[PDB]
Amino acid sequence: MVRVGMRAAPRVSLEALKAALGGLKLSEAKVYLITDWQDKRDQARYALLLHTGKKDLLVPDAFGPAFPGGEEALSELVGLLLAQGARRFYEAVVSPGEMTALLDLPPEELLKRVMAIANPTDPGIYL
Amino acid sequence: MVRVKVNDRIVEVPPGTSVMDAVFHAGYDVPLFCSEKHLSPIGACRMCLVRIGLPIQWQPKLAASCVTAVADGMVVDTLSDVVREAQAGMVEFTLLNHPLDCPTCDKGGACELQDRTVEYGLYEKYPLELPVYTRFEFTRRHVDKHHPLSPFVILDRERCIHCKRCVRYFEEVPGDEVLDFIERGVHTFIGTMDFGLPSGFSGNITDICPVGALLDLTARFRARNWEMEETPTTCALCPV
Amino acid sequence: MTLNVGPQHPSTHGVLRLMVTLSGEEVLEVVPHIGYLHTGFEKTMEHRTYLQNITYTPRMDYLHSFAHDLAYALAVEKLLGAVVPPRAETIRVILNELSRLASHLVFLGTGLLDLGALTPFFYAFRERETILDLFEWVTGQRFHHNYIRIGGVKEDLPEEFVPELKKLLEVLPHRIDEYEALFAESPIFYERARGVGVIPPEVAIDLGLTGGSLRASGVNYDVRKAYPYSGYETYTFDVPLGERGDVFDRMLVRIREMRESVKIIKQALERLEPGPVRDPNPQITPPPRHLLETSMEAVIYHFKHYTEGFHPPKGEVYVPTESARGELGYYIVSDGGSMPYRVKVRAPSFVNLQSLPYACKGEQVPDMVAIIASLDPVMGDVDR
Amino acid sequence: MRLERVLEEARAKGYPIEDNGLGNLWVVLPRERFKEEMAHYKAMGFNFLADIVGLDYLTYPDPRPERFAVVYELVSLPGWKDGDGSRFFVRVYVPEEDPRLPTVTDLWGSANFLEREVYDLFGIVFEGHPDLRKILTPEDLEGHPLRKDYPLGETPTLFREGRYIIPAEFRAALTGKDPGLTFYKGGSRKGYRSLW
Amino acid sequence: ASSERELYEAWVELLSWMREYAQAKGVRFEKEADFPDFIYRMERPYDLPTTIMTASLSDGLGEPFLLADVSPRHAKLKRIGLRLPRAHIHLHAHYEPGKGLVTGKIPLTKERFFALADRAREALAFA
Amino acid sequence: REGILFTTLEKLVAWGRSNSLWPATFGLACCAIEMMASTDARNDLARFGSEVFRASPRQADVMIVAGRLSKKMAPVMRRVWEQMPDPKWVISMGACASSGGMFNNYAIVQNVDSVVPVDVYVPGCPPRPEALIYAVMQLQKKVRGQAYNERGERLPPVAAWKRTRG
Amino acid sequence: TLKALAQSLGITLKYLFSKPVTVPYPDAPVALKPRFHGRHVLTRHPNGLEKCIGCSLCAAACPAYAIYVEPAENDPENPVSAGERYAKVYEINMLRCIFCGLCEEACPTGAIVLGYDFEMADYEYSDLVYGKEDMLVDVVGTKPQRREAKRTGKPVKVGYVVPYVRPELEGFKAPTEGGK
C-alpha cells in the first residue's frame, strides 16, 4: 500500500493522486473517506483510503473544507472516483487522536480497522 | 531449590522467597496492604494471613505470609474456611472508619481496598437470610480533609488506614524523612514540619497509597481512573 | 420466473429477500436470502458487563423478549448459583405469558392483514396497547423493558398493577373466544389454510421447526413440559397440538395457547404471597438503595458492581426456554471476567426458516405469503 | 435414556466426559471418529440437532488445544415415536490453520444454514456442504467477525465541544486477561461461585 | 429521644461560635465535611437543619489547630466531640436539657470555647 | 414546477404537502412495532392524512426509517430512496437510525444521514407512538417553512433538495 | 361453513356502532404511568444544592455511553452540590440514549433520574445533545418545546398527563391527577 500526499495540502495531494491514479479500473474497488466528528461536515477534514483489491492507496487528512479550498479538491476527487466507475463509497469515523497515528500503523492493521468500522456514505454529501 | 505447596500446587522457589510471593507464584491470592514491591515488609495490615503446615503440623496461630519466610516442603492453605473468615474480618476492621467518599474520590475504581474488599469480604455465613453489611453502628473517625501537603500533593487524613507505605518509602527510597505520623492509637494522623516536600521524588507516594488520602493535586477533579485514556510511553525530559 | 421478492417488498414483513423459482402461478421452490439485519448481538454482548447485557437481551426477538430475559438470567444464575425468590419467579412467569399473549396478537394481526382483509389487525392489536399499558405500569417501558435481573427483578410491583391485569384477564377470554368464533368455521380461510403448508413431522424435525407449527404436525414437544424451569411443574397446563401440519391447525393451536396462557396468568397471580424480590447476595445483587448513607461497604459494593460488575466462575452454560417461536437458549462462555467471554443465541426462527423452500414448494404464489406468516418469523431473531 | 447408552458406549471408547454441576454434558470426539460416531448417533435415534455454536478460545486465560471449537447439540424429542428427551453436546476442536470439518448435511439438513454462519463468523470451512454462501455479513465484507482478532469496529460517541469517548479505552469492566486497575485481581474477581 | 434536634441545633450554634473566632483573629475557617445521609439521600427525607458534620479552624499553613465533629443522624451513642491535633486532647460534649451543653457535668460556655481557641492560636499554629 | 414562484402558491402547496404526508413504509427493526402502534386503535397516524399507506416508493413521500439500518440494507434503501418522487421527505426513526444506538460496531451505520438526507430525527427506544406523531408534526411545520433550529436558522421545506445526488 | 361470512359482517357492524376507543394525541393528553422512562432530570435538595456530586457512575454504567461528566470542586462560599464535588459539564446524547434506567439505578444522590417527556424530536444531530441546563428540574419542557415557546410567544404545553409523579422526582412539575 502506497502513501501519497501530505497533511493539510489539498492541491498537492490531489494532483499527486491524479498522477498516481491513472486509468485504474475501480469496478470492485472500495473508497473510505475517513473523518472525525460525524455531524459537523461544515468544518470537516477528510482522509482517503483506496482499496483496489490488488494494491491500496493512502492519502492523509488533507481533504475537506476545514482546509482552505479543500472542498473544491474533494469535489474533484469524488467526481474522479465516480468517473472511473466507483459505486461503493464509505466513511469511517475515528477519534482525532486516532487519525494521525493510524497512518503509521502497518498496512494490515490500518486496512483491517478501516474496512471493519466503515459506514456506507452517500457521495452526494461531499459534492 | 526449595519446595512449597499452595493449597493444591507445588512450586520450586529460591529460599529468600516470601510466602505471599510464592502464593502468588502458584497463582493464588491474598489481600495485601502492608507489603509492597521494593518496600520493606512488616506485618501491619495483618491481611496476608495463611495457614502453614511444617511436618501435617499446622502452625498454632496464623503466620503472617507477607513477612514469614518459606521452608522446604511447607504446606500453605489459603482456602480454608477459617482463612477466608479471618481475611474478611481484617477487611472489615480496615474499612471501619473510611469517610464514605468513593463517589467523589478521584482514586475511583483504582483503590486496592475496593478490589480486595469486593474479593474477600462477606463470606457466606451459615436460605435467603437477610444479610447485613456493617455491624459497627457507632460514630466513625473524622479528621482534617483535603489538606494540600504541597502544590503537587493533596492529603485527606481520614481515608488513611495507617499502613506504612509512604513513611517507609520516604525513609528507604529517597532518604528524605519528610513525612511521618503524629499521634498514636486510633487518633493517629499524618503530618510534617517539612511542608514544601523537599525530596524531588515526593510524587511517587501518590501512586502507592491504596486509598485516596494522597492524590495528585494537578489531576484533581478531572476524571475517574477508568475514564482516562491510557497511553504508556517514556518521559524524554532527561536521559534515564 | 426467477422472481425477486426483494427486501421489505412487497411489504414482506421481516425484511427478507426471496428468489422464487417459479413458472406460472405455482411455486417451484423459493431460495431465501437473509442477513439484511445482522447487527452482531453475539459480538457486542461480549463487551458489556453481566448487568448490562440485560439491555441487549430483549431487543433481538422484539416480540417475545421475556423468553430472552429469563433464559439469559437463568444461564447466568446457574453459572453462579443465585436464588430467585418465589414471588420474583412467579412475576417472571406472569410477564412471560403476558408477552406471549402480546406476541401472538401481533402475529395473527400481521398474518390476517398479510393476505385478505385488514380489519381484525386492530382489535387484537388493541389489546396489545392495554397489555403494554400494563407493562408501562410496572417497567415504565412499552417494550424493550429492562426489568429482570440475575438475582430476580429490578424492583417491586405497584398496587396499581394487579387491578388493571385482572380487568384484562376478564376481557381477554371473551375477546379470544370471539376471534375463534370468527375463525374456526372459516368460509375461505378453510379453503385457504387447511390444505396448504405440507408439514411432514419427519421433515419439520429434520429441519428443527420448533416454532409451534411442529405441534401442528402432531409432535408434543414443548420445554414447558419437556424441561420445566420456571415452575411450570406447578401449573395446570394444556399443551395444544395439531393433527396435520397446515396453517389452520397451527392457528387454532396458537389461539388455544393464548387462552391457556391467560389461565396460567390467573393461576400464578392467585398464588401470589408477599415476599422478597431478588437474591440479596451482594456480588450478585447491588446493595439496597436506602443504606447508601450508612455503610462504607455499601458504597464499595454499589460502586464496584455498577462500574465493574461481578466475575462469575470459568465455565460454559446453557438453559432452554419456549418462545412464541420455539426452542431458545443461550450458550454463555464465561472466562472469570466481568464481561462474558462469548454469548451465542440459539435463534429458533433462524433454524425454523430452513423449512421455507420445502413448505412453499408447490404452493401458490399468493400462499407463499401466508406460509411465511404461518411460521411467524421475526428477522431480528433470524439475522441477529 | 439413550444418553446413558451413549455414555456406556463412549466411555469404553476412551472419550472424556466433561460435566459441570448444573446438568449439562459434553462429549469430546476427535476429528476422524467424529463423523462416523455422529452418523451412529443419528442411527441411535438422535433426530433433533438444536445448535452448532462456534467458539474462538484465543483470548481465554487458560490455553486450550485449538483456537476454534465447534459444538453440536443432539436431542431426542420426548413426544415422538420413541421419546426419551436426551439432550447433550458434542464438542470438536478445529485448528487455526486447518479449519476443516465435514458437514452433517447428509444426516440433518438443519446444519445447512447453521454451519454457514460459522463460516461467516469464523474462518471454518465445512467440507461436504451443499452451498457455503455467506449468510449474514455483507457480500463485500472481508473476514470472519466473531474471532477475537477481528475488530468490533466501535465508533466514538459525540458531544458538544470536542469532548468525545473511545469506549474500548473507556470500559471499566475487566475481561479475563485484564488484570485490572490495581496490581492484580484475586479473590471474588478471579472467579466467584456461591455454594447453594 | 428528640433532644437530637436541639443538639444539632446547638451544633449549629457551636459552628456559629467557630465562625466568629475565625472572623476576629483573621484565620481561615473551612467547611470540612458535610452529612453523608444528606448527600446520598436520593428521595429519602432529611430533617436536620444543616448539612455539615465536621469543621475546623486552620492556620495559614492549612494545618488545623481545633477540630470539631458531631454524630450523624443514624449513628448510635450520639455525641459531639472535640480534638486538638498534635496535643492528645479530646473532649466529649453532650447536651443536657435545662442546663445546656455539657463537658461531662461542666456546661460549655462560649467564652470557654474562646479561651481554648485562643490558647490554640498562640500555641499550636505554625503561622 | 417545484412548488415555488408565487407567495400564495408556495404557501398553498407547502400546506398541501405538509398535511398530505403519504408515508412510505420502511420497517427495519423493533422500532417498527411502535411505529405501527402509532396507527392502532388507541393512537392512529390516520388523521393528519396518513391513513392510507402506499408501500410503493413511487407513490409515497415520507420514508420512515423505523429500525436499525443494517449495512447490507443500506445500498438497497439507497435506490429505494432514489425510487421516490422528487417531492420526498425522509424521517429517521429510532435511536439506531438517528444515531448508532447502543450497537456501536462493524454492522450498523452509526447515522443514517450518511446515505439518505434526513429531515427529522427522533430519539427514543422505542420512540413512543405519540413521539412519532410529534416528529411528523415537526416535519409538518418544517415543510411548511415554519421551522427553526437552536441557532436561529429557518430550515428548507424539503431536505434532499440539497445534495448533488448524481 | 357459509355462516361465518355473516358472523364476520355482524361482528364488524357491532364494532362499527362501538364508536369510542382511541385517544387523539395531541388534542388529548396521553395517560402515562408514574414509572415511565423519560427525559433525564437533575434534581436539587431542599437546601437548593444540586444533588449531582459528579461521580461518573451514570457514565460508567451507561451501556450506550451517552453520558459525559466533567467534574469540579464545590466552592464553599457558593456551593452547588452537597459534597465536595459537582458536575461542571453534564451532557447526554438523546440519540445515543437507549433509556435503560441504569443511570438512575447507580446515582447515589438521586440526581440523574429519568423523567416523562417524549416530545423531543428535533431537526439537527448536534442540537439533540441535551445539556445540564436543558434538563434541570427548574425547566418546564423539552428543547423544541422551549424554542417554539420563544419563536411563538405561546407558553409551553405538555402533551402528557400522569396519575402522579414519583417521590424520586421531588420537584418534577407535571399534571397530577387533575388536582389543578
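Labels A, B, C, D, E, F and G are assigned to the chains in the order they are written; within every chain, residues are numbered from 1.
To be clear about the criterion, a residue touches a chain if its C-beta (ideal position, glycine included) is under 8 Å from a C-beta of that chain, and two chains touch if they have at least 3 such contacts.
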item: Mutual neighbours - chains that touch subunit E and subunit F alike; value: C, G
item: Chain whose Cα centroid lies at the greatest distance from that of subunit A; value: E
item: Maximum centroid distance from subunit D, chain identifier (CA atoms); value: E
item: Approximate Å spacing (C-alpha centroids) for the pair subunit C, subunit G; value: 29
item: Whole-Å gap between the CA centroids of subunit C and subunit E; value: 61
item: Rounded Å distance, subunit B centre to subunit G centre (Cα mean); value: 44
item: Residues within subunit D bordering two or more other chains; value: 137-138, 145, 151-155, 157-158, 166-167, 170-172, 185, 188-190, 194-195
item: Multi-chain contact sites of subunit C, meaning residues that touch two or more partners; value: 35, 38, 40, 43-44, 48, 55-56, 83, 123, 126, 144, 281, 283, 292-294, 299, 303, 307-308, 383
item: Where subunit E touches two or more other chains at once, by residue number; value: 36, 38-42, 74
item: Interchain pairs in contact, sorted by label; value: A-D, A-F, A-G, B-C, B-D, B-E, B-G, C-D, C-E, C-F, C-G, D-F, D-G, E-G, F-G
item: Complex contact set, residues of subunit G against subunit E; value: 45-47, 49, 51, 53, 76, 81-84, 107-110, 113, 166-168, 170
item: Residues of subunit F that touch subunit A when the two form their complex; value: 71, 74-75, 78, 106, 109-111, 113-117, 163-166
item: Contact footprint of subunit C on subunit B as seen in their complex; value: 92, 95-96, 98, 100, 102-103, 108-109, 113-115, 117-118, 121-122, 124, 128, 130-131, 133-134, 226
item: Of subunit E, residues touching subunit G in the complex; value: 30-31, 34, 38-43, 46, 51
item: Touch list for subunit A against partner subunit F, complex; value: 38-39, 82, 88, 91, 93, 116-117, 119-125, 127
